[PDB]
>>> print(open('protein_28.txt').read())   # compact mmCIF, C-alpha atoms
# COMPACT_ATOMS: atom_id res chain seq x y z
CA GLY Y 1 69.37 116.26 40.20
CA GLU Y 2 69.50 117.05 36.42
CA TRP Y 3 71.60 120.13 35.34
CA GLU Y 4 70.37 122.18 32.35
CA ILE Y 5 71.61 125.38 30.65
CA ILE Y 6 69.13 128.24 31.04
CA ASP Y 7 68.87 131.62 29.30
CA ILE Y 8 70.25 134.87 30.86
CA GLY Y 9 66.84 136.60 30.31
CA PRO Y 10 65.06 138.92 32.79
CA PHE Y 11 64.17 136.11 35.25
CA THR Y 12 67.85 135.03 35.43
CA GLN Y 13 69.05 138.70 35.65
CA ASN Y 14 66.65 139.23 38.62
CA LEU Y 15 68.17 136.11 40.33
CA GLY Y 16 71.61 137.84 39.87
CA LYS Y 17 70.26 141.04 41.48
CA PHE Y 18 68.81 138.92 44.38
CA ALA Y 19 72.26 137.26 44.84
CA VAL Y 20 74.04 140.65 44.99
CA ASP Y 21 71.37 142.00 47.42
CA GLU Y 22 71.88 138.86 49.64
CA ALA Y 23 75.71 139.14 49.34
CA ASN Y 24 75.43 142.85 50.43
CA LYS Y 25 73.53 141.77 53.60
CA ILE Y 26 76.30 139.18 54.40
CA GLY Y 27 78.87 141.92 53.60
CA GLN Y 28 82.02 139.76 52.90
CA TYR Y 29 82.92 142.07 49.94
CA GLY Y 30 81.50 145.37 51.23
CA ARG Y 31 78.80 147.01 49.05
CA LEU Y 32 78.69 145.37 45.57
CA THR Y 33 76.83 146.85 42.60
CA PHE Y 34 75.07 144.36 40.30
CA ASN Y 35 75.90 144.70 36.54
CA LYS Y 36 74.59 141.53 34.83
CA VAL Y 37 74.45 137.71 34.78
CA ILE Y 38 76.69 136.30 31.96
CA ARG Y 39 76.58 132.91 30.18
CA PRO Y 40 76.60 130.17 31.05
CA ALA Y 41 73.60 130.10 33.49
CA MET Y 42 72.66 126.60 34.76
CA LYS Y 43 69.78 125.18 36.78
CA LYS Y 44 69.53 121.87 38.70
CA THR Y 45 66.02 120.47 39.40
CA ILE Y 46 66.03 118.75 42.86
CA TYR Y 47 63.47 115.90 43.42
CA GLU Y 48 61.93 115.47 46.93
CA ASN Y 49 61.89 111.97 48.60
CA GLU Y 50 61.20 110.20 45.24
CA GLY Y 51 57.41 109.65 45.79
CA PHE Y 52 55.91 110.85 42.42
CA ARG Y 53 58.89 112.68 40.72
CA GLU Y 54 57.71 115.50 43.14
CA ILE Y 55 59.84 118.71 42.75
CA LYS Y 56 61.57 119.92 45.99
CA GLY Y 57 63.20 122.97 44.42
CA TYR Y 58 65.89 124.24 42.08
CA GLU Y 59 69.56 125.28 42.40
CA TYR Y 60 70.88 128.04 40.09
CA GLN Y 61 74.59 128.52 39.42
CA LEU Y 62 75.16 132.01 37.96
CA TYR Y 63 78.22 134.01 36.88
CA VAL Y 64 77.39 137.50 38.29
CA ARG Y 65 79.28 140.66 37.17
CA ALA Y 66 79.30 143.15 40.10
CA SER Y 67 81.61 146.13 40.90
CA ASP Y 68 83.94 145.37 37.93
CA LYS Y 69 84.50 141.75 39.16
CA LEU Y 70 82.98 138.29 38.47
CA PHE Y 71 81.39 136.13 41.20
CA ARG Y 72 79.90 132.62 41.27
CA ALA Y 73 76.43 132.63 42.95
CA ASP Y 74 74.51 129.48 43.99
CA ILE Y 75 70.80 130.13 44.71
CA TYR Y 76 68.15 127.72 45.99
CA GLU Y 77 64.47 128.20 45.01
CA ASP Y 78 61.82 126.22 47.03
CA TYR Y 79 59.20 124.70 44.67
CA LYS Y 80 56.28 124.77 47.20
CA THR Y 81 57.01 128.16 48.95
CA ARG Y 82 58.73 129.93 45.98
CA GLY Y 83 61.23 131.26 48.64
CA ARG Y 84 64.84 131.93 47.53
CA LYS Y 85 68.08 131.76 49.46
CA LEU Y 86 71.69 132.48 48.61
CA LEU Y 87 73.71 129.27 49.17
CA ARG Y 88 77.15 130.64 48.01
CA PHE Y 89 78.56 133.92 46.69
CA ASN Y 90 82.27 133.42 45.92
CA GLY Y 91 84.92 135.26 43.97
CA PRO Y 92 86.40 136.99 42.31
CA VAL Y 93 86.38 133.93 39.98
CA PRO Y 94 87.94 133.77 36.52
CA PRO Y 95 85.45 133.86 33.61
CA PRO Y 96 84.30 130.47 32.20
CA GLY K 1 79.23 129.96 21.23
CA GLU K 2 76.18 128.44 23.02
CA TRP K 3 77.15 126.33 26.08
CA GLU K 4 75.58 122.85 26.37
CA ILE K 5 75.63 120.17 29.07
CA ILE K 6 77.68 117.11 28.02
CA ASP K 7 78.10 113.58 29.43
CA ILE K 8 80.90 112.57 31.91
CA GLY K 9 81.85 109.49 29.79
CA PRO K 10 85.41 108.41 28.84
CA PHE K 11 86.10 111.40 26.52
CA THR K 12 85.12 113.84 29.32
CA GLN K 13 87.16 111.84 31.91
CA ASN K 14 90.23 112.02 29.62
CA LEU K 15 89.78 115.84 29.34
CA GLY K 16 89.89 115.89 33.20
CA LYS K 17 93.10 113.77 33.20
CA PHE K 18 94.61 116.19 30.62
CA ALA K 19 93.72 119.14 32.93
CA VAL K 20 95.27 117.47 36.04
CA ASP K 21 98.45 116.57 34.08
CA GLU K 22 98.68 120.19 32.82
CA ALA K 23 98.00 121.61 36.33
CA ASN K 24 100.81 119.33 37.73
CA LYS K 25 103.33 120.81 35.22
CA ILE K 26 102.39 124.32 36.56
CA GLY K 27 102.57 123.01 40.22
CA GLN K 28 100.32 125.73 41.86
CA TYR K 29 98.51 122.90 43.74
CA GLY K 30 101.52 120.56 44.30
CA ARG K 31 101.25 117.10 42.66
CA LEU K 32 97.52 116.25 42.21
CA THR K 33 96.05 112.74 41.70
CA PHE K 34 93.16 112.65 39.18
CA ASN K 35 90.03 111.02 40.73
CA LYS K 36 87.09 111.77 38.38
CA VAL K 37 85.25 114.44 36.36
CA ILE K 38 81.82 114.99 38.03
CA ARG K 39 78.57 116.50 36.68
CA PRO K 40 77.92 118.97 35.34
CA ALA K 41 80.29 119.09 32.30
CA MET K 42 79.81 121.85 29.68
CA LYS K 43 81.02 122.43 26.09
CA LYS K 44 80.98 125.60 23.86
CA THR K 45 81.75 125.58 20.07
CA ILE K 46 84.35 128.19 18.97
CA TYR K 47 83.91 129.81 15.49
CA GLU K 48 86.39 132.80 15.82
CA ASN K 49 83.38 134.99 14.64
CA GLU K 50 83.01 134.40 10.81
CA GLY K 51 80.02 133.03 8.78
CA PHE K 52 80.69 129.26 8.75
CA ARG K 53 83.65 127.67 6.84
CA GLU K 54 83.45 125.31 9.94
CA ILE K 55 84.11 124.73 13.69
CA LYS K 56 87.48 126.17 14.95
CA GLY K 57 87.40 124.25 18.25
CA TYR K 58 85.63 123.60 21.55
CA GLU K 59 85.85 125.06 25.05
CA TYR K 60 85.10 122.76 28.01
CA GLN K 61 84.35 123.77 31.61
CA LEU K 62 84.79 120.73 33.94
CA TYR K 63 84.58 120.03 37.70
CA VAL K 64 87.61 117.76 38.33
CA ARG K 65 88.10 115.80 41.59
CA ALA K 66 91.89 115.57 42.22
CA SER K 67 93.64 114.62 45.52
CA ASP K 68 90.17 114.43 47.15
CA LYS K 69 89.52 118.16 46.35
CA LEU K 70 87.38 119.74 43.58
CA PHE K 71 88.81 122.12 40.92
CA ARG K 72 87.25 123.97 37.99
CA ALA K 73 89.12 123.48 34.66
CA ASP K 74 88.69 125.40 31.38
CA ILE K 75 90.13 123.53 28.34
CA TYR K 76 90.39 124.47 24.63
CA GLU K 77 90.41 121.71 21.97
CA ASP K 78 91.36 122.47 18.32
CA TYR K 79 88.76 120.87 15.95
CA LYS K 80 91.22 120.03 13.10
CA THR K 81 94.40 119.08 15.09
CA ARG K 82 92.63 117.84 18.30
CA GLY K 83 95.49 119.74 20.14
CA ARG K 84 94.46 120.80 23.68
CA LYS K 85 95.30 123.75 25.93
CA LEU K 86 94.60 124.24 29.67
CA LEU K 87 93.16 127.81 29.92
CA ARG K 88 92.37 127.82 33.72
CA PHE K 89 92.67 125.36 36.66
CA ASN K 90 91.41 126.80 39.94
CA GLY K 91 90.24 125.74 43.36
CA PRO K 92 89.51 124.20 45.62
CA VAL K 93 85.93 125.16 44.61
CA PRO K 94 82.72 124.11 46.34
CA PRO K 95 80.56 121.59 44.42
CA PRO K 96 78.16 123.21 41.88
>>> encode(input="protein_28.txt", output="structure tokens")
Amino acid sequence: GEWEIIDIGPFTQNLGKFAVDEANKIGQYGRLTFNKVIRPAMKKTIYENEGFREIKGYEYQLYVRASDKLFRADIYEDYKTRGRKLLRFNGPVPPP
Amino acid sequence: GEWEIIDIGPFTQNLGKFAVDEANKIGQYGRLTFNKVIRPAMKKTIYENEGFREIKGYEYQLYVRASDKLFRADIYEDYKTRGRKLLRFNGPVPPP
């Protein structure tokens, strides 16, 4: 799996909002309020069982500002289904 | 400062050893044993907001395996002097 830096544009911001919505359902922090995704944003492209360079899915690692704190969110996106899941929502973490 | 992905070659490994040595002088995590810097490794150029008489320095964010655990390290390197400062050394953290 190859890591790359990605932009913190609307698509990335919406992943941050998804992470905070998923973290609110888990409830470890009580109700968080999404502010913004900050740099750096990174994306890993995960390859399936090697039989074409076929794409399995993507992992995003985001720094998410919510409720005056910073969190590290790890999100998985399935290439075939386009379904997303929150892998990890941890913090507060110090800024990069 | 735009973040970029960098290699985990000898220069990166030696930044990880610097971080572990600095973290040992603090002692928050007891005496750690440097294992390896893992992917992904990231680097930002520091300007000190000017116009461009040159590069001031670099910030690195590294995942450092030490005493079989994983830690996130933030390091500053002066461009001219090559003098280094541990900004942050935290964990254990889950893999990226």
>>> calpha_fit_rmsd(input="protein_28.txt", fixed="chain K", moving="chain Y")
1.0 Å
>>> closest_atom_pairs(input="protein_28.txt", of="chain K", to="chain Y", cutoff="10 Å", atoms="only C-alpha atoms", output="tab-separated table")
residue	atom	partner	partner_atom	distance
K:1	CA	Y:39	CA	9.8
K:2	CA	Y:40	CA	8.2
K:3	CA	Y:40	CA	6.3
K:4	CA	Y:5	CA	6.4
K:5	CA	Y:4	CA	6.5
K:6	CA	Y:4	CA	9.9
K:39	CA	Y:3	CA	8.0
K:40	CA	Y:3	CA	6.4
K:41	CA	Y:3	CA	9.3
K:42	CA	Y:5	CA	9.0
K:44	CA	Y:40	CA	9.6
K:59	CA	Y:96	CA	9.1
K:60	CA	Y:96	CA	8.8
K:61	CA	Y:96	CA	6.7
K:62	CA	Y:96	CA	9.9
K:72	CA	Y:96	CA	9.2
K:73	CA	Y:96	CA	8.8
K:74	CA	Y:96	CA	6.8
K:75	CA	Y:96	CA	9.9
K:87	CA	Y:96	CA	9.5
K:88	CA	Y:94	CA	7.9
K:89	CA	Y:94	CA	9.6
K:90	CA	Y:94	CA	8.5
K:91	CA	Y:93	CA	9.7
K:93	CA	Y:90	CA	9.1
K:94	CA	Y:88	CA	8.7
K:95	CA	Y:74	CA	10.0
K:96	CA	Y:61	CA	6.9
>>> atom_distance(input="protein_28.txt", atom1="CA of residue 76 in chain K", atom2="CA of residue 36 in chain Y")
25.4 Å
>>> residues_around(input="protein_28.txt", residues="residue 57 in chain K", least_positions_apart="3", cutoff="6 Å", atoms="all atoms listed in the file", output="PyMOL selection string")
chain K and resi 46+77-79
>>> atom_distance(input="protein_28.txt", atom1="CA of residue 10 in chain K", atom2="CA of residue 68 in chain K")
19.9 Å
>>> atom_distance(input="protein_28.txt", atom1="CA of residue 15 in chain Y", atom2="CA of residue 32 in chain Y")
15.0 Å
>>> residues_around(input="protein_28.txt", residues="residue 54 in chain Y", least_positions_apart="5", cutoff="12 Å", atoms="all atoms listed in the file", output="list in words")
residues 45, 46, 47, 48, 49, 79 and 80 of chain Y
>>> residues_around(input="protein_28.txt", residues="residue 13 in chain Y", least_positions_apart="6", cutoff="10 Å", atoms="only C-alpha atoms", output="list in words")
residues 7, 19, 34, 35, 36, 37, 38, 41, 62 and 64 of chain Y
>>> closest_residue(input="protein_28.txt", among="K:69, K:56, K:43, K:84", to="residue 21 in chain K", atoms="all atoms listed in the file")
K:84
>>> decode(input="protein_28.txt", residues="range 20-34 of chain Y", atoms="N, CA and C atoms", output="mmCIF file, in the first residue's frame")
data_model
loop_
_atom_site.group_PDB
_atom_site.id
_atom_site.type_symbol
_atom_site.label_atom_id
_atom_site.label_comp_id
_atom_site.auth_asym_id
_atom_site.auth_seq_id
_atom_site.Cartn_x
_atom_site.Cartn_y
_atom_site.Cartn_z
ATOM 1 N N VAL Y 20 -16.638 12.278 12.105
ATOM 2 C CA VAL Y 20 -17.218 12.860 13.341
ATOM 3 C C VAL Y 20 -18.612 12.251 13.517
ATOM 4 N N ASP Y 21 -19.391 12.139 12.446
ATOM 5 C CA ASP Y 21 -20.726 11.482 12.541
ATOM 6 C C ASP Y 21 -20.565 10.045 13.049
ATOM 7 N N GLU Y 22 -19.604 9.269 12.539
ATOM 8 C CA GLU Y 22 -19.366 7.880 13.005
ATOM 9 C C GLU Y 22 -18.873 7.891 14.456
ATOM 10 N N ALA Y 23 -17.979 8.799 14.812
ATOM 11 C CA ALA Y 23 -17.476 8.897 16.204
ATOM 12 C C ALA Y 23 -18.616 9.260 17.147
ATOM 13 N N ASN Y 24 -19.615 10.038 16.693
ATOM 14 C CA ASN Y 24 -20.768 10.430 17.555
ATOM 15 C C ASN Y 24 -21.637 9.195 17.822
ATOM 16 N N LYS Y 25 -21.709 8.269 16.880
ATOM 17 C CA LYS Y 25 -22.555 7.062 17.005
ATOM 18 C C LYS Y 25 -21.872 6.126 18.000
ATOM 19 N N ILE Y 26 -20.524 6.076 17.995
ATOM 20 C CA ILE Y 26 -19.731 5.235 18.937
ATOM 21 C C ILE Y 26 -19.817 5.881 20.319
ATOM 22 N N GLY Y 27 -19.659 7.201 20.387
ATOM 23 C CA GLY Y 27 -19.965 8.006 21.585
ATOM 24 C C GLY Y 27 -18.834 8.080 22.606
ATOM 25 N N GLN Y 28 -17.605 7.668 22.291
ATOM 26 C CA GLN Y 28 -16.497 7.641 23.304
ATOM 27 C C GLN Y 28 -16.269 9.043 23.871
ATOM 28 N N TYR Y 29 -16.548 10.090 23.096
ATOM 29 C CA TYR Y 29 -16.194 11.488 23.454
ATOM 30 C C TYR Y 29 -17.424 12.328 23.780
ATOM 31 N N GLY Y 30 -18.590 11.692 23.816
ATOM 32 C CA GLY Y 30 -19.876 12.420 23.805
ATOM 33 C C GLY Y 30 -20.067 13.092 22.455
ATOM 34 N N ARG Y 31 -20.949 14.070 22.347
ATOM 35 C CA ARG Y 31 -21.311 14.679 21.045
ATOM 36 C C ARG Y 31 -20.212 15.667 20.635
ATOM 37 N N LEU Y 32 -19.507 15.332 19.547
ATOM 38 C CA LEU Y 32 -18.481 16.208 18.938
ATOM 39 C C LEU Y 32 -19.109 17.036 17.826
ATOM 40 N N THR Y 33 -18.522 18.178 17.572
ATOM 41 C CA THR Y 33 -18.988 19.088 16.508
ATOM 42 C C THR Y 33 -17.841 19.339 15.536
ATOM 43 N N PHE Y 34 -17.998 18.826 14.333
ATOM 44 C CA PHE Y 34 -16.972 18.921 13.268
ATOM 45 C C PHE Y 34 -16.700 20.394 12.954
#
